[PDB]
Structure formats: structure tokens, C-alpha cells
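Q: Input data.cif, format and content: mmCIF, N, CA and C atoms.
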data_data
loop_
_atom_site.group_PDB
_atom_site.id
_atom_site.type_symbol
_atom_site.label_atom_id
_atom_site.label_comp_id
_atom_site.auth_asym_id
_atom_site.auth_seq_id
_atom_site.Cartn_x
_atom_site.Cartn_y
_atom_site.Cartn_z
ATOM 1 N N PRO A 857 -8.305 -5.468 -10.345
ATOM 2 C CA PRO A 857 -9.716 -5.455 -10.773
ATOM 3 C C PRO A 857 -10.627 -4.679 -9.839
ATOM 4 N N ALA A 858 -10.340 -4.676 -8.537
ATOM 5 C CA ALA A 858 -11.152 -3.925 -7.588
ATOM 6 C C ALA A 858 -10.725 -2.469 -7.467
ATOM 7 N N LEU A 859 -9.697 -2.047 -8.200
ATOM 8 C CA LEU A 859 -9.151 -0.699 -8.100
ATOM 9 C C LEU A 859 -9.879 0.322 -8.966
ATOM 10 N N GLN A 860 -10.726 -0.114 -9.894
ATOM 11 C CA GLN A 860 -11.309 0.778 -10.887
ATOM 12 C C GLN A 860 -12.715 1.244 -10.528
ATOM 13 N N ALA A 861 -13.209 0.911 -9.339
ATOM 14 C CA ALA A 861 -14.592 1.190 -8.951
ATOM 15 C C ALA A 861 -14.632 2.454 -8.092
ATOM 16 N N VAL A 862 -14.585 3.610 -8.748
ATOM 17 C CA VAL A 862 -14.761 4.904 -8.098
ATOM 18 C C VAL A 862 -16.082 5.490 -8.578
ATOM 19 N N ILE A 863 -16.822 6.114 -7.662
ATOM 20 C CA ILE A 863 -18.203 6.496 -7.934
ATOM 21 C C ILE A 863 -18.315 8.018 -7.894
ATOM 22 N N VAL A 864 -17.262 8.708 -8.324
ATOM 23 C CA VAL A 864 -17.366 10.167 -8.428
ATOM 24 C C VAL A 864 -18.443 10.521 -9.444
ATOM 25 N N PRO A 865 -19.317 11.478 -9.164
ATOM 26 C CA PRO A 865 -20.422 11.786 -10.075
ATOM 27 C C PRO A 865 -20.006 12.811 -11.125
ATOM 28 N N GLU A 866 -20.918 13.057 -12.061
ATOM 29 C CA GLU A 866 -20.732 14.056 -13.111
ATOM 30 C C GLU A 866 -21.223 15.396 -12.575
ATOM 31 N N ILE A 867 -20.284 16.262 -12.214
ATOM 32 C CA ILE A 867 -20.644 17.592 -11.710
ATOM 33 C C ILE A 867 -21.274 18.403 -12.835
ATOM 34 N N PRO A 868 -22.381 19.101 -12.592
ATOM 35 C CA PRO A 868 -22.954 19.957 -13.635
ATOM 36 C C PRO A 868 -22.016 21.099 -13.986
ATOM 37 N N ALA A 869 -22.144 21.579 -15.220
ATOM 38 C CA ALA A 869 -21.287 22.654 -15.700
ATOM 39 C C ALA A 869 -21.493 23.922 -14.878
ATOM 40 N N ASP A 870 -20.387 24.630 -14.635
ATOM 41 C CA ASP A 870 -20.387 25.870 -13.855
ATOM 42 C C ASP A 870 -20.941 25.645 -12.448
ATOM 43 N N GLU A 871 -20.395 24.651 -11.751
ATOM 44 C CA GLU A 871 -20.795 24.335 -10.389
ATOM 45 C C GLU A 871 -19.563 24.221 -9.503
ATOM 46 N N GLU A 872 -19.710 24.656 -8.254
ATOM 47 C CA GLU A 872 -18.609 24.593 -7.302
ATOM 48 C C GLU A 872 -18.359 23.156 -6.862
ATOM 49 N N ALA A 873 -17.092 22.834 -6.625
ATOM 50 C CA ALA A 873 -16.715 21.480 -6.235
ATOM 51 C C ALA A 873 -17.090 21.232 -4.779
ATOM 52 N N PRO A 874 -17.908 20.224 -4.482
ATOM 53 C CA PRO A 874 -18.269 19.955 -3.084
ATOM 54 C C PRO A 874 -17.082 19.428 -2.291
ATOM 55 N N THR A 875 -17.090 19.712 -0.989
ATOM 56 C CA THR A 875 -16.081 19.210 -0.063
ATOM 57 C C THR A 875 -16.676 18.347 1.039
ATOM 58 N N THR A 876 -17.779 18.784 1.640
ATOM 59 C CA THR A 876 -18.398 18.027 2.714
ATOM 60 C C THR A 876 -19.039 16.748 2.172
ATOM 61 N N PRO A 877 -19.014 15.663 2.949
ATOM 62 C CA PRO A 877 -19.651 14.414 2.519
ATOM 63 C C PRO A 877 -21.151 14.348 2.761
ATOM 64 N N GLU A 878 -21.762 15.402 3.307
ATOM 65 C CA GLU A 878 -23.190 15.364 3.602
ATOM 66 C C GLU A 878 -24.047 15.531 2.352
ATOM 67 N N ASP A 879 -23.481 16.080 1.267
ATOM 68 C CA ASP A 879 -24.319 16.264 0.092
ATOM 69 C C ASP A 879 -24.143 15.115 -0.899
ATOM 70 N N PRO A 880 -25.177 14.815 -1.692
ATOM 71 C CA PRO A 880 -25.051 13.723 -2.672
ATOM 72 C C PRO A 880 -24.003 13.978 -3.740
ATOM 73 N N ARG A 881 -23.645 15.240 -3.991
ATOM 74 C CA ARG A 881 -22.636 15.543 -4.999
ATOM 75 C C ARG A 881 -21.253 15.039 -4.608
ATOM 76 N N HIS A 882 -21.016 14.793 -3.324
ATOM 77 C CA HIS A 882 -19.740 14.236 -2.902
ATOM 78 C C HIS A 882 -19.733 12.726 -3.135
ATOM 79 N N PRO A 883 -18.624 12.164 -3.628
ATOM 80 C CA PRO A 883 -18.598 10.719 -3.907
ATOM 81 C C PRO A 883 -18.725 9.848 -2.668
ATOM 82 N N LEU A 884 -18.459 10.380 -1.477
ATOM 83 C CA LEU A 884 -18.538 9.610 -0.244
ATOM 84 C C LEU A 884 -19.922 9.661 0.393
ATOM 85 N N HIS A 885 -20.889 10.291 -0.267
ATOM 86 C CA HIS A 885 -22.251 10.326 0.242
ATOM 87 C C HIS A 885 -22.867 8.929 0.217
ATOM 88 N N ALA A 886 -23.813 8.705 1.133
ATOM 89 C CA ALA A 886 -24.430 7.387 1.255
ATOM 90 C C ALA A 886 -25.250 7.028 0.023
ATOM 91 N N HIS A 887 -25.854 8.021 -0.634
ATOM 92 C CA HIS A 887 -26.651 7.744 -1.825
ATOM 93 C C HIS A 887 -25.784 7.236 -2.970
ATOM 94 N N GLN A 888 -24.569 7.768 -3.102
ATOM 95 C CA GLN A 888 -23.659 7.400 -4.179
ATOM 96 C C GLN A 888 -22.567 6.442 -3.715
ATOM 97 N N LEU A 889 -22.771 5.774 -2.584
ATOM 98 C CA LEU A 889 -21.804 4.823 -2.038
ATOM 99 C C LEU A 889 -22.333 3.419 -2.325
ATOM 100 N N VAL A 890 -21.912 2.857 -3.453
ATOM 101 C CA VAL A 890 -22.285 1.492 -3.817
ATOM 102 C C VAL A 890 -21.371 0.529 -3.065
ATOM 103 N N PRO A 891 -21.897 -0.577 -2.538
ATOM 104 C CA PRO A 891 -21.034 -1.546 -1.855
ATOM 105 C C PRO A 891 -20.040 -2.185 -2.813
ATOM 106 N N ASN A 892 -18.914 -2.629 -2.250
ATOM 107 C CA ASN A 892 -17.858 -3.323 -2.990
ATOM 108 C C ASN A 892 -17.243 -2.410 -4.054
ATOM 109 N N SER A 893 -16.819 -1.232 -3.604
ATOM 110 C CA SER A 893 -16.173 -0.254 -4.468
ATOM 111 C C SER A 893 -15.218 0.571 -3.621
ATOM 112 N N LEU A 894 -14.392 1.373 -4.298
ATOM 113 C CA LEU A 894 -13.431 2.214 -3.590
ATOM 114 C C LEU A 894 -14.102 3.128 -2.572
ATOM 115 N N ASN A 895 -15.340 3.556 -2.837
ATOM 116 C CA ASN A 895 -16.002 4.509 -1.953
ATOM 117 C C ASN A 895 -16.281 3.902 -0.583
ATOM 118 N N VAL A 896 -16.787 2.666 -0.546
ATOM 119 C CA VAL A 896 -17.016 2.023 0.745
ATOM 120 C C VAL A 896 -15.687 1.688 1.413
ATOM 121 N N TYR A 897 -14.651 1.396 0.620
ATOM 122 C CA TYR A 897 -13.322 1.187 1.185
ATOM 123 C C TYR A 897 -12.834 2.428 1.922
ATOM 124 N N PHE A 898 -13.043 3.611 1.338
ATOM 125 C CA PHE A 898 -12.635 4.844 2.009
ATOM 126 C C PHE A 898 -13.533 5.160 3.199
ATOM 127 N N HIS A 899 -14.844 4.949 3.062
ATOM 128 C CA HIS A 899 -15.753 5.331 4.138
ATOM 129 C C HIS A 899 -15.680 4.363 5.312
ATOM 130 N N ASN A 900 -15.107 3.174 5.107
ATOM 131 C CA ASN A 900 -14.862 2.277 6.230
ATOM 132 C C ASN A 900 -13.951 2.933 7.259
ATOM 133 N N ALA A 901 -12.998 3.740 6.797
ATOM 134 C CA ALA A 901 -12.075 4.458 7.665
ATOM 135 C C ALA A 901 -12.559 5.853 8.034
ATOM 136 N N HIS A 902 -13.671 6.311 7.457
ATOM 137 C CA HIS A 902 -14.167 7.676 7.653
ATOM 138 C C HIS A 902 -13.110 8.703 7.240
ATOM 139 N N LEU A 903 -12.775 8.694 5.954
ATOM 140 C CA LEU A 903 -11.849 9.651 5.368
ATOM 141 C C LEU A 903 -12.601 10.584 4.428
ATOM 142 N N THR A 904 -11.930 11.662 4.030
ATOM 143 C CA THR A 904 -12.503 12.666 3.144
ATOM 144 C C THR A 904 -11.635 12.806 1.902
ATOM 145 N N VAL A 905 -12.217 12.520 0.737
ATOM 146 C CA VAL A 905 -11.540 12.647 -0.545
ATOM 147 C C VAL A 905 -12.516 13.234 -1.557
ATOM 148 N N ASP A 906 -12.003 14.138 -2.386
ATOM 149 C CA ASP A 906 -12.818 14.867 -3.348
ATOM 150 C C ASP A 906 -12.863 14.144 -4.691
ATOM 151 N N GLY A 907 -13.601 14.741 -5.629
ATOM 152 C CA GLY A 907 -13.824 14.093 -6.914
ATOM 153 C C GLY A 907 -12.558 13.957 -7.738
ATOM 154 N N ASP A 908 -11.758 15.025 -7.802
ATOM 155 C CA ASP A 908 -10.525 14.971 -8.581
ATOM 156 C C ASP A 908 -9.514 14.014 -7.964
ATOM 157 N N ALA A 909 -9.487 13.918 -6.632
ATOM 158 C CA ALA A 909 -8.567 12.999 -5.972
ATOM 159 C C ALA A 909 -8.830 11.560 -6.393
ATOM 160 N N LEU A 910 -10.100 11.210 -6.608
ATOM 161 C CA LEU A 910 -10.426 9.856 -7.041
ATOM 162 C C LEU A 910 -10.335 9.712 -8.555
ATOM 163 N N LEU A 911 -10.572 10.796 -9.298
ATOM 164 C CA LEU A 911 -10.395 10.762 -10.744
ATOM 165 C C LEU A 911 -8.928 10.668 -11.140
ATOM 166 N N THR A 912 -8.011 10.986 -10.224
ATOM 167 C CA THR A 912 -6.589 10.837 -10.514
ATOM 168 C C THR A 912 -6.179 9.379 -10.674
ATOM 169 N N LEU A 913 -7.055 8.436 -10.313
ATOM 170 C CA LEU A 913 -6.733 7.019 -10.447
ATOM 171 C C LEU A 913 -6.478 6.626 -11.896
ATOM 172 N N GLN A 914 -7.184 7.246 -12.846
ATOM 173 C CA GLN A 914 -7.038 6.852 -14.245
ATOM 174 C C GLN A 914 -5.643 7.166 -14.775
ATOM 175 N N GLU A 915 -5.061 8.296 -14.368
ATOM 176 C CA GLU A 915 -3.693 8.610 -14.763
ATOM 177 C C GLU A 915 -2.657 8.026 -13.812
ATOM 178 N N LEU A 916 -3.070 7.602 -12.615
ATOM 179 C CA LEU A 916 -2.178 6.832 -11.756
ATOM 180 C C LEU A 916 -1.967 5.430 -12.312
ATOM 181 N N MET A 917 -3.000 4.874 -12.947
ATOM 182 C CA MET A 917 -2.937 3.524 -13.492
ATOM 183 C C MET A 917 -1.954 3.415 -14.656
ATOM 184 N N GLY A 918 -1.498 4.545 -15.203
ATOM 185 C CA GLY A 918 -0.559 4.496 -16.313
ATOM 186 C C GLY A 918 0.727 3.767 -15.973
ATOM 187 N N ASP A 919 1.319 4.083 -14.824
ATOM 188 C CA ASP A 919 2.475 3.339 -14.348
ATOM 189 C C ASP A 919 2.018 2.204 -13.437
ATOM 190 N N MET A 920 2.503 1.002 -13.733
ATOM 191 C CA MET A 920 1.946 -0.220 -13.177
ATOM 192 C C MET A 920 3.066 -1.146 -12.720
ATOM 193 N N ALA A 921 2.722 -2.051 -11.803
ATOM 194 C CA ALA A 921 3.624 -3.090 -11.319
ATOM 195 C C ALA A 921 2.942 -4.438 -11.499
ATOM 196 N N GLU A 922 3.708 -5.444 -11.929
ATOM 197 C CA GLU A 922 3.111 -6.724 -12.302
ATOM 198 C C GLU A 922 2.724 -7.537 -11.072
ATOM 199 N N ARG A 923 3.710 -7.938 -10.272
ATOM 200 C CA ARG A 923 3.471 -8.707 -9.056
ATOM 201 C C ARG A 923 4.783 -8.842 -8.300
ATOM 202 N N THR A 924 4.674 -9.181 -7.019
ATOM 203 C CA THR A 924 5.857 -9.382 -6.196
ATOM 204 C C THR A 924 6.571 -10.673 -6.584
ATOM 205 N N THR A 925 7.883 -10.692 -6.365
ATOM 206 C CA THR A 925 8.707 -11.842 -6.701
ATOM 207 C C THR A 925 9.709 -12.093 -5.583
ATOM 208 N N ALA A 926 10.206 -13.325 -5.531
ATOM 209 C CA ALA A 926 11.216 -13.728 -4.563
ATOM 210 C C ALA A 926 12.582 -13.735 -5.233
ATOM 211 N N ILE A 927 13.484 -12.885 -4.745
ATOM 212 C CA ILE A 927 14.815 -12.728 -5.320
ATOM 213 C C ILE A 927 15.838 -13.178 -4.288
ATOM 214 N N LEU A 928 16.673 -14.143 -4.667
ATOM 215 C CA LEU A 928 17.764 -14.626 -3.828
ATOM 216 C C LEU A 928 19.076 -14.159 -4.444
ATOM 217 N N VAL A 929 19.879 -13.450 -3.657
ATOM 218 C CA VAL A 929 21.169 -12.939 -4.099
ATOM 219 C C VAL A 929 22.251 -13.509 -3.193
ATOM 220 N N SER A 930 23.445 -13.690 -3.750
ATOM 221 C CA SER A 930 24.571 -14.239 -3.016
ATOM 222 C C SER A 930 25.863 -13.636 -3.544
ATOM 223 N N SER A 931 26.893 -13.648 -2.701
ATOM 224 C CA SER A 931 28.204 -13.155 -3.096
ATOM 225 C C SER A 931 29.270 -13.777 -2.207
ATOM 226 N N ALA A 932 30.513 -13.674 -2.663
ATOM 227 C CA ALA A 932 31.663 -14.164 -1.926
ATOM 228 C C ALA A 932 31.945 -13.268 -0.723
ATOM 229 N N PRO A 933 32.690 -13.765 0.265
ATOM 230 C CA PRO A 933 33.078 -12.906 1.388
ATOM 231 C C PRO A 933 33.953 -11.750 0.928
ATOM 232 N N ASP A 934 33.892 -10.658 1.689
ATOM 233 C CA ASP A 934 34.543 -9.417 1.299
ATOM 234 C C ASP A 934 36.056 -9.593 1.205
ATOM 235 N N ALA A 935 36.680 -8.720 0.410
ATOM 236 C CA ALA A 935 38.118 -8.796 0.179
ATOM 237 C C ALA A 935 38.922 -8.645 1.463
ATOM 238 N N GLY A 936 38.348 -8.023 2.493
ATOM 239 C CA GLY A 936 39.035 -7.945 3.770
ATOM 240 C C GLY A 936 39.236 -9.299 4.420
ATOM 241 N N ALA A 937 38.317 -10.236 4.181
ATOM 242 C CA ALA A 937 38.376 -11.561 4.786
ATOM 243 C C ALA A 937 38.118 -12.658 3.758
ATOM 244 N N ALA A 938 38.599 -12.475 2.531
ATOM 245 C CA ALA A 938 38.471 -13.485 1.485
ATOM 246 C C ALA A 938 39.812 -14.193 1.319
ATOM 247 N N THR A 939 39.850 -15.481 1.662
ATOM 248 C CA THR A 939 41.064 -16.274 1.516
ATOM 249 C C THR A 939 40.775 -17.531 0.704
ATOM 250 N N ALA A 940 41.740 -18.453 0.652
ATOM 251 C CA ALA A 940 41.593 -19.643 -0.180
ATOM 252 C C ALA A 940 40.389 -20.483 0.228
ATOM 253 N N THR A 941 40.133 -20.616 1.531
ATOM 254 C CA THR A 941 39.045 -21.463 2.005
ATOM 255 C C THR A 941 37.757 -20.702 2.292
ATOM 256 N N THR A 942 37.824 -19.388 2.519
ATOM 257 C CA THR A 942 36.611 -18.613 2.763
ATOM 258 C C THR A 942 35.816 -18.347 1.490
ATOM 259 N N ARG A 943 36.488 -18.253 0.336
ATOM 260 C CA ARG A 943 35.795 -17.989 -0.924
ATOM 261 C C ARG A 943 34.904 -19.156 -1.335
ATOM 262 N N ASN A 944 35.088 -20.320 -0.707
ATOM 263 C CA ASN A 944 34.306 -21.500 -1.060
ATOM 264 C C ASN A 944 32.838 -21.331 -0.685
ATOM 265 N N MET A 945 32.561 -20.912 0.546
ATOM 266 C CA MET A 945 31.182 -20.767 0.997
ATOM 267 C C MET A 945 30.727 -19.325 0.811
ATOM 268 N N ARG A 946 29.473 -19.160 0.414
ATOM 269 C CA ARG A 946 28.890 -17.868 0.099
ATOM 270 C C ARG A 946 27.793 -17.551 1.105
ATOM 271 N N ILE A 947 27.387 -16.287 1.120
ATOM 272 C CA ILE A 947 26.316 -15.804 1.979
ATOM 273 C C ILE A 947 25.019 -15.857 1.184
ATOM 274 N N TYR A 948 23.964 -16.376 1.807
ATOM 275 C CA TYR A 948 22.683 -16.558 1.143
ATOM 276 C C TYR A 948 21.617 -15.725 1.839
ATOM 277 N N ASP A 949 21.204 -14.642 1.184
ATOM 278 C CA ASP A 949 20.152 -13.782 1.704
ATOM 279 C C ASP A 949 19.214 -13.411 0.565
ATOM 280 N N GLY A 950 17.931 -13.250 0.900
ATOM 281 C CA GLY A 950 16.912 -12.945 -0.075
ATOM 282 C C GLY A 950 16.052 -11.764 0.350
ATOM 283 N N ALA A 951 15.308 -11.242 -0.620
ATOM 284 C CA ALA A 951 14.416 -10.116 -0.396
ATOM 285 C C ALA A 951 13.211 -10.269 -1.310
ATOM 286 N N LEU A 952 12.267 -9.343 -1.177
ATOM 287 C CA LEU A 952 11.040 -9.355 -1.966
ATOM 288 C C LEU A 952 10.976 -8.080 -2.796
ATOM 289 N N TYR A 953 10.964 -8.233 -4.117
ATOM 290 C CA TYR A 953 10.710 -7.109 -5.006
ATOM 291 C C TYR A 953 9.207 -6.900 -5.122
ATOM 292 N N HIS A 954 8.777 -5.640 -5.036
ATOM 293 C CA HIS A 954 7.358 -5.276 -5.062
ATOM 294 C C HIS A 954 6.587 -5.886 -3.891
#
Please express the file's structure as C-alpha cells.

A:
Amino acid sequence: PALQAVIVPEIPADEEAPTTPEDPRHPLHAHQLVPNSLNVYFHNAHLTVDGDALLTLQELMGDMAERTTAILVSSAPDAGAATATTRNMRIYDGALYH
């Protein structure tokens, strides 16, 4: 929900793309930096990102991940050391998907 708040402005037709953050046409300018949005998140670190770089979020959102999960996997001991009594106990290790 907090990922969709980008404040890139509407560049006028036939205008050069700004790069420096000193002008209001840049999304990281103080005039166009609304609190609690991606712009203040970037300016907290003092980074430089252009309008198209932030507009790429809409097509980045196409591929999505739901949430992280806890996955526990187990298996028998390897065939090099699998015998009648070793196959009884298994190895228990887990990981985090996403």
C-alpha cells in the first residue's frame, strides 16, 4: 500500500527531462516532496532518481509476491551412510521463501 505513492509530475510537451533535484520539475524537489510517500523515502538517503525511473513502478508491479512463508524440509541420510538404523532418524532444517 505504501509502494504506490510516487510524485513524479506531468512534464509539459516538448520539454527536456530534468536531472538535478534543485528544480521543481524533478520529483525529488522540496515543493513536490509530499510526506509519507516514496519521494521522502528516497530523499531520506539523499539519492537521485528521475521521472521515468519512478514511473517504472507501474510495470514493475505486474510481477508480484504474496508474502514470506516458513518451509520445513527433511530427508533421509545419504546413501553413503544410510543403513537399517540410520534411515530411522531424519535431518530437520528449514528456510524462508520470499

Q: Skipping near chain neighbours, those fewer than 2 positions away, what residues fall within 7 Å of segment 906-913 of chain A using only C-alpha atoms, listed as an MDAnalysis selection string?

A: chainID A and resid 862 864 875 882:883 904 915:917

Q: With all atoms of segment 887-904 of chain A from the file as input, state the centre and edge lengths in Å to one decimal of the axis-aligned box that has 3 Å extra on each side, as JSON.

A:
{"center_x": -19.1, "center_y": 4.7, "center_z": 1.8, "size_x": 21.0, "size_y": 22.1, "size_z": 18.5}

Q: My list of candidates is A:880, A:933, A:950, A:861. Which is closest to residue 898 of chain A when distances are computed with only C-alpha atoms?

A: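 When distances to residue 898 of chain A are compared using only C-alpha atoms, the smallest one comes from A:861.
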
Q: Could you tell me, as a ChimeraX atom specification, exactly which residues end up selected when the PyMOL selection byres (((chain A and resi 889 and name CA) around 12) and name CA) is applied to this structure?

A: /A:861-865,877,879-888,890-900

Q: Suppose you want the space between atom CA of residue 948 of chain A and atom CA of residue 924 of chain A; what is it in Å?

A: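 Answer for the atom CA of residue 948 of chain A to atom CA of residue 924 of chain A separation: 19.7 Å.
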
Q: Just list as a VMD selection string whatever in chain A DSSP marks as strand (DSSP E or B).

A: chain A and resid 925 to 931 947 to 953

Q: Just to confirm, what's the straight-line distance from atom CA of residue 949 of chain A to atom CA of residue 931 of chain A in Å (one decimal)?

A: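 Taking atom CA of residue 949 of chain A and atom CA of residue 931 of chain A, their separation equals 9.4 Å.
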
Q: Within 6.5 Å of residue 926 of chain A, counting only N, CA and C atoms, which residues qualify if same-chain residues fewer than 4 places away don't, as a list in words?

A: residues 951, 952 and 953 of chain A

Q: Between A:944, A:914, A:930, A:939, which has the minimum distance to residue 860 of chain A (counting only N, CA and C atoms)?

A: A:914

Q: Reconstruct segment 910-934 of chain A at the level of N, CA, C and O atoms, and format the result as a PDB file, in the coordinates of the input.

A:
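Wrote it out as part_16.pdb, contents follow:
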ATOM      1  N   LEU A 910     -10.100  11.210  -6.608  1.00  0.00           N
ATOM      2  CA  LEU A 910     -10.426   9.856  -7.041  1.00  0.00           C
ATOM      3  C   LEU A 910     -10.335   9.712  -8.555  1.00  0.00           C
ATOM      4  O   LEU A 910     -10.057   8.617  -9.057  1.00  0.00           O
ATOM      5  N   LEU A 911     -10.572  10.796  -9.298  1.00  0.00           N
ATOM      6  CA  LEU A 911     -10.395  10.762 -10.744  1.00  0.00           C
ATOM      7  C   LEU A 911      -8.928  10.668 -11.140  1.00  0.00           C
ATOM      8  O   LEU A 911      -8.630  10.309 -12.283  1.00  0.00           O
ATOM      9  N   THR A 912      -8.011  10.986 -10.224  1.00  0.00           N
ATOM     10  CA  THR A 912      -6.589  10.837 -10.514  1.00  0.00           C
ATOM     11  C   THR A 912      -6.179   9.379 -10.674  1.00  0.00           C
ATOM     12  O   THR A 912      -5.057   9.109 -11.120  1.00  0.00           O
ATOM     13  N   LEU A 913      -7.055   8.436 -10.313  1.00  0.00           N
ATOM     14  CA  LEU A 913      -6.733   7.019 -10.447  1.00  0.00           C
ATOM     15  C   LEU A 913      -6.478   6.626 -11.896  1.00  0.00           C
ATOM     16  O   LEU A 913      -5.639   5.757 -12.162  1.00  0.00           O
ATOM     17  N   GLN A 914      -7.184   7.246 -12.846  1.00  0.00           N
ATOM     18  CA  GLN A 914      -7.038   6.852 -14.245  1.00  0.00           C
ATOM     19  C   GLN A 914      -5.643   7.166 -14.775  1.00  0.00           C
ATOM     20  O   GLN A 914      -5.084   6.387 -15.557  1.00  0.00           O
ATOM     21  N   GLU A 915      -5.061   8.296 -14.368  1.00  0.00           N
ATOM     22  CA  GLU A 915      -3.693   8.610 -14.763  1.00  0.00           C
ATOM     23  C   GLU A 915      -2.657   8.026 -13.812  1.00  0.00           C
ATOM     24  O   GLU A 915      -1.475   7.963 -14.169  1.00  0.00           O
ATOM     25  N   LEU A 916      -3.070   7.602 -12.615  1.00  0.00           N
ATOM     26  CA  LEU A 916      -2.178   6.832 -11.756  1.00  0.00           C
ATOM     27  C   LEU A 916      -1.967   5.430 -12.312  1.00  0.00           C
ATOM     28  O   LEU A 916      -0.881   4.855 -12.180  1.00  0.00           O
ATOM     29  N   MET A 917      -3.000   4.874 -12.947  1.00  0.00           N
ATOM     30  CA  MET A 917      -2.937   3.524 -13.492  1.00  0.00           C
ATOM     31  C   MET A 917      -1.954   3.415 -14.656  1.00  0.00           C
ATOM     32  O   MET A 917      -1.596   2.298 -15.047  1.00  0.00           O
ATOM     33  N   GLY A 918      -1.498   4.545 -15.203  1.00  0.00           N
ATOM     34  CA  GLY A 918      -0.559   4.496 -16.313  1.00  0.00           C
ATOM     35  C   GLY A 918       0.727   3.767 -15.973  1.00  0.00           C
ATOM     36  O   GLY A 918       1.192   2.919 -16.739  1.00  0.00           O
ATOM     37  N   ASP A 919       1.319   4.083 -14.824  1.00  0.00           N
ATOM     38  CA  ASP A 919       2.475   3.339 -14.348  1.00  0.00           C
ATOM     39  C   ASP A 919       2.018   2.204 -13.437  1.00  0.00           C
ATOM     40  O   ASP A 919       1.252   2.406 -12.491  1.00  0.00           O
ATOM     41  N   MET A 920       2.503   1.002 -13.733  1.00  0.00           N
ATOM     42  CA  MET A 920       1.946  -0.220 -13.177  1.00  0.00           C
ATOM     43  C   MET A 920       3.066  -1.146 -12.720  1.00  0.00           C
ATOM     44  O   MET A 920       4.207  -1.046 -13.174  1.00  0.00           O
ATOM     45  N   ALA A 921       2.722  -2.051 -11.803  1.00  0.00           N
ATOM     46  CA  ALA A 921       3.624  -3.090 -11.319  1.00  0.00           C
ATOM     47  C   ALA A 921       2.942  -4.438 -11.499  1.00  0.00           C
ATOM     48  O   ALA A 921       1.740  -4.568 -11.240  1.00  0.00           O
ATOM     49  N   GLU A 922       3.708  -5.444 -11.929  1.00  0.00           N
ATOM     50  CA  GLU A 922       3.111  -6.724 -12.302  1.00  0.00           C
ATOM     51  C   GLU A 922       2.724  -7.537 -11.072  1.00  0.00           C
ATOM     52  O   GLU A 922       1.538  -7.798 -10.835  1.00  0.00           O
ATOM     53  N   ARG A 923       3.710  -7.938 -10.272  1.00  0.00           N
ATOM     54  CA  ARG A 923       3.471  -8.707  -9.056  1.00  0.00           C
ATOM     55  C   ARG A 923       4.783  -8.842  -8.300  1.00  0.00           C
ATOM     56  O   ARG A 923       5.861  -8.639  -8.864  1.00  0.00           O
ATOM     57  N   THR A 924       4.674  -9.181  -7.019  1.00  0.00           N
ATOM     58  CA  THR A 924       5.857  -9.382  -6.196  1.00  0.00           C
ATOM     59  C   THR A 924       6.571 -10.673  -6.584  1.00  0.00           C
ATOM     60  O   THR A 924       5.961 -11.627  -7.076  1.00  0.00           O
ATOM     61  N   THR A 925       7.883 -10.692  -6.365  1.00  0.00           N
ATOM     62  CA  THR A 925       8.707 -11.842  -6.701  1.00  0.00           C
ATOM     63  C   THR A 925       9.709 -12.093  -5.583  1.00  0.00           C
ATOM     64  O   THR A 925      10.019 -11.204  -4.786  1.00  0.00           O
ATOM     65  N   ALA A 926      10.206 -13.325  -5.531  1.00  0.00           N
ATOM     66  CA  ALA A 926      11.216 -13.728  -4.563  1.00  0.00           C
ATOM     67  C   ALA A 926      12.582 -13.735  -5.233  1.00  0.00           C
ATOM     68  O   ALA A 926      12.815 -14.501  -6.174  1.00  0.00           O
ATOM     69  N   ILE A 927      13.484 -12.885  -4.745  1.00  0.00           N
ATOM     70  CA  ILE A 927      14.815 -12.728  -5.320  1.00  0.00           C
ATOM     71  C   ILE A 927      15.838 -13.178  -4.288  1.00  0.00           C
ATOM     72  O   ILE A 927      15.873 -12.649  -3.170  1.00  0.00           O
ATOM     73  N   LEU A 928      16.673 -14.143  -4.667  1.00  0.00           N
ATOM     74  CA  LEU A 928      17.764 -14.626  -3.828  1.00  0.00           C
ATOM     75  C   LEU A 928      19.076 -14.159  -4.444  1.00  0.00           C
ATOM     76  O   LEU A 928      19.352 -14.438  -5.615  1.00  0.00           O
ATOM     77  N   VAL A 929      19.879 -13.450  -3.657  1.00  0.00           N
ATOM     78  CA  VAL A 929      21.169 -12.939  -4.099  1.00  0.00           C
ATOM     79  C   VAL A 929      22.251 -13.509  -3.193  1.00  0.00           C
ATOM     80  O   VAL A 929      22.005 -13.794  -2.015  1.00  0.00           O
ATOM     81  N   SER A 930      23.445 -13.690  -3.750  1.00  0.00           N
ATOM     82  CA  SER A 930      24.571 -14.239  -3.016  1.00  0.00           C
ATOM     83  C   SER A 930      25.863 -13.636  -3.544  1.00  0.00           C
ATOM     84  O   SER A 930      25.931 -13.174  -4.685  1.00  0.00           O
ATOM     85  N   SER A 931      26.893 -13.648  -2.701  1.00  0.00           N
ATOM     86  CA  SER A 931      28.204 -13.155  -3.096  1.00  0.00           C
ATOM     87  C   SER A 931      29.270 -13.777  -2.207  1.00  0.00           C
ATOM     88  O   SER A 931      28.979 -14.334  -1.145  1.00  0.00           O
ATOM     89  N   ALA A 932      30.513 -13.674  -2.663  1.00  0.00           N
ATOM     90  CA  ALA A 932      31.663 -14.164  -1.926  1.00  0.00           C
ATOM     91  C   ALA A 932      31.945 -13.268  -0.723  1.00  0.00           C
ATOM     92  O   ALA A 932      31.478 -12.128  -0.666  1.00  0.00           O
ATOM     93  N   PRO A 933      32.690 -13.765   0.265  1.00  0.00           N
ATOM     94  CA  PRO A 933      33.078 -12.906   1.388  1.00  0.00           C
ATOM     95  C   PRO A 933      33.953 -11.750   0.928  1.00  0.00           C
ATOM     96  O   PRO A 933      34.657 -11.833  -0.080  1.00  0.00           O
ATOM     97  N   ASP A 934      33.892 -10.658   1.689  1.00  0.00           N
ATOM     98  CA  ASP A 934      34.543  -9.417   1.299  1.00  0.00           C
ATOM     99  C   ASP A 934      36.056  -9.593   1.205  1.00  0.00           C
ATOM    100  O   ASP A 934      36.648 -10.481   1.825  1.00  0.00           O
TER     101      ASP A 934
END
